[PDB]
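One chain is shown next in structure tokens, namely the form solved without the ligand.
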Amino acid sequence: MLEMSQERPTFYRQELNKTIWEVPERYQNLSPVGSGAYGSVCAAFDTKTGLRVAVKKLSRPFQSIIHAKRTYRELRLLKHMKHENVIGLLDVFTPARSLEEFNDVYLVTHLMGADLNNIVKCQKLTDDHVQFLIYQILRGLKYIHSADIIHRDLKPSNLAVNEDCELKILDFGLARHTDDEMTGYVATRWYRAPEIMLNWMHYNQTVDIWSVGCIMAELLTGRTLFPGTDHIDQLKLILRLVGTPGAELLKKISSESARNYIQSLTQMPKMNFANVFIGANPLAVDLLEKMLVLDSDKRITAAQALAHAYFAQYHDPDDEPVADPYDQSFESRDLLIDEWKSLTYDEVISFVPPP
């Protein structure tokens, strides 16, 4: 009824594009397909499950306090996700037989066919296609938010889609974007809620819904909603559509510099979305209105959005599950390199495979 030991499988070694790979026999025909900066990934066949998978060998994972904590953070997040519309962890392993020998971490996930950009480039999406894609994003977000997890960087490139229009949210852990990466005419910022683009206040769940808003608008119009050339140009694009802040919002803006700046802008009324998204399903227009609200406190939540008439064909309250609590205390904890490395090691060897 219990089980008290673990069977360490047999590993095999090989050099793939300058680097060594030590993986379980299980995984066959490895072929390099890229990097990312946090390591390189090979595509492989998992003969034990019959799945095409992505194997990621983390790169210098315990290089510093910061990197060792990134590593641990990513492993904790991925280990936690158990939902259809969210990237889950298929396997995680190290060839090391003890903590003394522990150096490398390999992460295994579903091999992803295409992301939302790839989908959008190969064809034009119908309204029903958009209903289904957004529903799924929101179904996954409900789950994510249940556990007080903020994705914080929702993007078409972070959304995998398959031949059946099924979708998963990708890219959680990840090293936060740097200032230079967020600078200029770049997709890395076009989907950001303004609260966090200019650091108006302390942010939360609600920033993800703004991102969904931008994504949905783009899928319907075929155009980036707020393609600013820089932080300020982007702000102007947003206030144009959504209106300059009223009094209640200005208060919630901690920073007084932001406040002073905002006020220096000629005021503007919300535009009529019906005239901005001409020809769109009126239910989509109404939903957008409820998503793209400047004051984050009054944004519709994922749970509520799933009940919106726009998703009538897919909504089913008994098939929209919630997550087990996710303990994030470690984010506030200060430890040494070898201490994050040990926590990480403990998480590797305690992995329980899916059914």
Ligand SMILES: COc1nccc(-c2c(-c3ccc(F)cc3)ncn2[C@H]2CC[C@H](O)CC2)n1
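All residue numbers refer to positions in the sequence shown, first residue = 1. So that the term is clear: the rigid core is the largest set of C-alpha atoms that superpose within 1.5 Å between two forms.
Another form exists, solved in complex with the ligand; not displayed. Remarks below refer to it.
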Seminar exercise, completed: Superimposing the pocket C-alphas so that the ligand sits as it does in the entry with it bound, and applying the rule of 3 or more atoms within 2.4 angstroms of backbone or C-beta atoms, the verdict is blocked
For this session: Given the ligand in the entry with it bound, answer whether the residues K56, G113 and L170 all have a heavy atom inside 4.5 Å of it.
Result: yes
Exercise. Contact between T94 and the ligand in the entry with it bound at 4.5 Å, heavy atoms?
Worked result: no
Exercise. Would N281 show up as a contact with the ligand in the entry with it bound if we use heavy atoms at 4.5 Å?
Worked result: no
Exercise. Does any heavy atom of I215 come within 4.5 Å of a heavy atom of the ligand in the entry with it bound?
Worked result: no
For this session: Mark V322 yes when one of its heavy atoms lies within 4.5 Å of a heavy atom of the ligand in the entry with it bound, and no otherwise.
Result: no
Seminar exercise, completed: Within 4.5 Å of the ligand in the entry with it bound, heavy atom basis, the matching stretch of 81-89, 220-228, 96-104, 269-277 is 81-89
For this session: Only one of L51, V33, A303, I65 comes within 4.5 Å of the ligand in the entry with it bound by heavy atoms, so just point that one out.
Result: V33
Exercise. Relative to the ligand in the entry with it bound, which residues of 268-307 have a heavy atom no more than 4.5 Å away?
Worked result: none
Exercise. Core aligned, does the CA of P321 move at least 2 Å between this form and the one not shown?
Worked result: no
For this session: Classify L335 as shifted (yes) or not shifted (no) between this form and the one not shown, where shifted means its C-alpha moves by 2 Å or more with the rigid core superposed.
Result: no
Problem set entry | Threshold 2 Å Cα movement between this form and the one not shown at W21, rigid core reference | yes
